[PDB]
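**Q** I have a structure I would like to understand better, so I am pasting it below and will then ask my questions one at a time.
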Amino acid sequence: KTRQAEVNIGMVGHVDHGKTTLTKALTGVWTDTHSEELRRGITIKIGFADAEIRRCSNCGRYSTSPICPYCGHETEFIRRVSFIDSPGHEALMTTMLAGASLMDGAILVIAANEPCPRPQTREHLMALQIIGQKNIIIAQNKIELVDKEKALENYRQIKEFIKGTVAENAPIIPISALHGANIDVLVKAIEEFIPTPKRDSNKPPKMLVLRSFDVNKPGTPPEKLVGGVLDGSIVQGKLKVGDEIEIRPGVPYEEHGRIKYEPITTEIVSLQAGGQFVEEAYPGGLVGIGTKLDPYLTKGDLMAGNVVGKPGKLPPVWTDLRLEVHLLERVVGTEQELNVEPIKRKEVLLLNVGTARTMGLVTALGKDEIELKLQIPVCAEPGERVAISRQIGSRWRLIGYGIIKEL
Amino acid sequence: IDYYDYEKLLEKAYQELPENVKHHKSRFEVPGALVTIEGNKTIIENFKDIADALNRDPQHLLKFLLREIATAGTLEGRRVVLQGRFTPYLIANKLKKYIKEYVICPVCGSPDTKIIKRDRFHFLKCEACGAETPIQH
Ligand SMILES: Nc1nc2c(ncn2[C@@H]2O[C@H](COP(=O)(O)OP(=O)(O)O)[C@@H](O)[C@H]2O)c(=O)[nH]1
Ligand SMILES: [Mg+2]
Ligand SMILES: [Zn+2]
Ligand SMILES: [Zn+2]
């Protein structure tokens, strides 16, 4: 196999305790071409940052760097992981609930110089709790800003905050993303906790396309210059160069009905994963598939939201949708935004499932259940969680989530 | 040391914690490292700030680094270009050492140490206590 990323670690915590700083600090050195080190995403404004967890052969300490930060000797590769960072308390929230099938663990960053449970910090623990993500590591950051008295008071606070949650058994590592205090302890913990799960590669392939492009540019060679390319997170089984795949919703056609997407099939030419090209890619990090498809079809990220797999074995496409609605008890925001009024018949909601994003029209009401017609067909497996977001002014606010039921 | 013994973890976390910030005598104006790894080169564009905060020369530090590290760099308009790839902490760890053996007085900790030269020998030091440690290490 490859030294590609083996697990997706989510960076969650308040919007200022330092999630983005710690990420860059650990991933900076693993970004060489066409990506200066850090940026947020598409509709799930999700961002993937790779990092190679290594062990210093001389001092025996862990880091995310090739040359031991301390002694200076060469480190050894142990594993490759990928952090999912995202500026925007909402976007992260939406991503987590919707594509919970992407994360394998999460690092809860909680600033030590502020009351433990901050409005936003609660919502993530709330999201992590809803998607059954128990593999959590707590990073009490900015330890250099609180004397040992406050630190212990914070520690305690955190402990009371997590008891009775999925992060109830998570370590509380005091660190300094700024100076690097205990980063070695942390990195090591990512191995102790959040290990690569046992996945049966033989399961039929499924990838959630996060982006689609046309790497073509007036470079002009007309020969075998690459066709359509998709970037996503394999979430089941595996993709292999030379594989015949079936894209999901598909390409639209000329109004017989009004709008209709037909599933399309293509052949995988290339696969980038870990910065290099492989003949076989696996879940963990981002995967860049090369197809024989007309770039004219993937250009501008039109394919984004689709799912890939082997012809025949894919999820069921939907044109309508009923859901087991579960409104959330949100704390971040303003009282108005806060107490969500229940969804209404005819309201236009914003839906998130997998990497697909679409508007839906409430055409029915029941007891903690609703119906919706989709603006864009979405490929989904029943039972999968769908993020539901209502407008509220000019913005879109996440008010809850629904559970895919059959109609 | 297990991850559940927060206490030890806390003290382990404060030794790495810098001088100026770690203990009693605190030069406190040292702003942390700002590292940008572009293409195949590391650039700390916050350099001037560091030196000017440590009241040390600009090139006196460019050197201490290329020493503890094995790359080549040039200073320019308050920034520095390093020839390879280096994580913010690698550098973060080297500045820590500089402050320790080139900016602090070992008898009476004082950010007020200064580089002096009274012979071809570099004895540099203290404007507060007067101790003149021989620093080339
Ligand atoms: N003193 C100190 N500041 C930090 C540390 N980690 C992050 N910060 C600062 O906290 C602020 C940023 O947190 P940031 O990266 O913006 O947080 P985010 O909002 O969750 O994306 C910045 O000013 C950081 O440089 C740390 O370990 N020590
Ligand atoms: Mg951010
Ligand atoms: Zn070492
Ligand atoms: Zn002195």
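**Q** Out of region A:336-407, which GluC sites (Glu not before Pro) are coil in DSSP terms and have no more than 12 other C-beta atoms within 10 Å?
**A** Values: sites: A:337, A:347, A:369, A:371, A:384, A:406; in loops: A:347, A:369, A:384, A:406.
Listed in order of number, the matching sites are A:406.
**Q** Taking 0.36 nm per intervening residue step and subtracting the Cα-Cα distance, what contour gain separates residue A:256 from residue A:226 on full extension?
**A** Length gained between residue A:256 and residue A:226: 7.6 nm.
**Q** Continuing with the same structure: Distance between Cα centroids, region A:139-173 to region B:44-112: provide it in whole Å.
**A** First find each Cα centre; the distance between them is then 33 Å.
**Q** Report, by chain and number, residues whose modeled amide H sits under 5 Å from the one on residue A:369, excluding near sequence neighbours (fewer than 5 apart, same chain).
**A** Excluding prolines and chain starts, which carry no amide H, the hits are A:325.
**Q** Once phi is turned into ³J(HN,Hα) by the Karplus curve 6.51 cos²θ - 1.76 cosθ + 1.60 with θ = phi - 60°, what whole-Hz value does each residue of region B:110-115 show in order, with x for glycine and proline?
**A** Values, residue by residue: 7, x, 6, 5, 9, 6 Hz.
**Q** Rounded, prolate or oblate for region A:315-407? Axes are the square roots of the Cα gyration tensor eigenvalues, ordered a ≥ b ≥ c, and the cut-off for rounded is a/c under 1.5.
**A** prolate
**Q** Which of the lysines could a cross-linker span from residue A:310 if the Cα-Cα distance has to be under 19 Å and same-chain partners fewer than 8 positions apart are dropped?
**A** Partners within reach: A:203, A:206, A:238, A:240, A:292.
**Q** So, one more: Based on alpha-carbon centroids, what's the gap between region A:16-56 and region A:286-338 in Å, whole number please?
**A** Centre-to-centre distance over Cα atoms comes out at 23 Å.
**Q** Before anything else, pin down the relative contact order of chain B: Cα pairs under 8 Å, at least 6 apart, normalised by residue count, whole percent.
**A** Value for chain B: 18 percent.
**Q** Taking a quarter of the surface of the convex hull around the Cα atoms of region A:1-199, what do you get in nm²?
**A** 11.4 nm²
**Q** To continue, here is another question. For residue A:327 and residue B:45, FRET efficiency with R0 = 51 Å and r from the beta-carbon atoms, rounded to 0.05?
**A** That gives a FRET efficiency of 0.65.
**Q** I would also like to ask the following. What percent does the relative contact order of chain A come to when contacts are Cα pairs within less than 8 Å and at least six residues apart?
**A** It comes to 15 percent, rounded to a whole number.
**Q** To continue, here is another question. Given R₀ = 35 Å, what would the calculated FRET efficiency be for residue A:241 paired with residue A:359, taking r from the Cβ atoms and rounding to 0.05?
**A** Approximately 0.45, to the nearest 0.05.
**Q** If you don't mind, another one. Modelling each spin label as a point 7 Å along the Cα-to-Cβ direction, I'd like the residue A:169/residue B:78 distance in nm, to one decimal.
**A** For residue A:169 paired with residue B:78, the spin-label model returns 5.1 nm.
**Q** Sticking with this one: Could you pull out every residue, at least 5 positions away or on a different chain, whose amide H is within less than 5 Å of the one on residue B:44? Hs are placed 1.01 Å off N in the peptide plane, and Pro or chain starts have none.
**A** Under 5 Å from the amide H of residue B:44: B:36, B:80, B:82.
**Q** So for the pair residue B:70, residue B:121, with labels modelled 7 Å out along Cα→Cβ, what separation do we get in nm?
**A** Here the answer is 3.2 nm between the modelled labels.
**Q** Once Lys and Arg get +1 and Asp and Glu get -1 on their Cβ, which of A:111, A:66, A:132 lies farthest toward the positive end of the dipole of region A:1-150?
**A** Result: A:132, furthest along the dipole toward the positive end.
**Q** Beta carbons within 10 angstrom, averaged per residue: use that to sort the peptides A:311-323, B:66-78, A:113-125, highest first.
**A** Ranked by mean Cβ neighbours within 10 Å, highest first: A:113-125, A:311-323, B:66-78.
**Q** How do B:122, A:179, B:23, A:34 line up, fewest other C-beta atoms within 10 Å first?
**A** A:34, B:23, B:122, A:179
**Q** Around residue A:404, which amide H atoms from residues at least 5 apart in sequence, or from another chain, sit under 5 Å from its own amide H, with H modelled in the peptide plane?
**A** A:324, A:383, A:384, A:386
**Q** What longest range of chain B stays clear of loop-exposed chymotrypsin sites (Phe, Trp or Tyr not before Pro) (DSSP non-H/G/I/E/B, at most 15 other C-beta within 10 angstrom)? Show your work: numbers first, answer last.
**A** Values: sites that count: B:4, B:28, B:121.
Within chain B, the longest run free of exposed chymotrypsin sites (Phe, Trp or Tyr not before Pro) spans B:29-120.
**Q** Could you compute the FRET efficiency for residue B:59 and residue A:3, with r as their C-beta to C-beta distance and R0 at 45 Å, rounded to 0.05?
**A** 0.70
**Q** Considering only Cα-Cα distances, which of the following residue pairs are longer than 28 Å: A:134/A:299; B:97/B:125; A:188/B:8; B:63/B:125; A:1/A:299?
**A** Too far apart for the 28 Å limit: A:134/A:299; A:1/A:299.
**Q** So, by mean Cβ neighbours within 10 angstrom, what's the order for A:163-172, A:16-25 with the highest one leading?
**A** A:16-25, A:163-172
**Q** Need one number for region B:14-70: average projected area of the convex hull over its C-alpha atoms, nm².
**A** So the mean shadow area of the Cα hull is 4.7 nm².
**Q** So if the hydrodynamic radius of the protein assembly as shown is defined as the Kirkwood radius over C-alpha pairs, what does Stokes-Einstein give as its diffusion coefficient at 10 °C and 1.306 mPa s, in µm² per second?
**A** 62 µm²/s
Here the Cβ is made from the backbone with ideal geometry for all residues, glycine too, and neighbour counts use every protein chain on show. Bear in mind these aren't lab numbers, they're just calculated from the coordinates by the rules spelled out.
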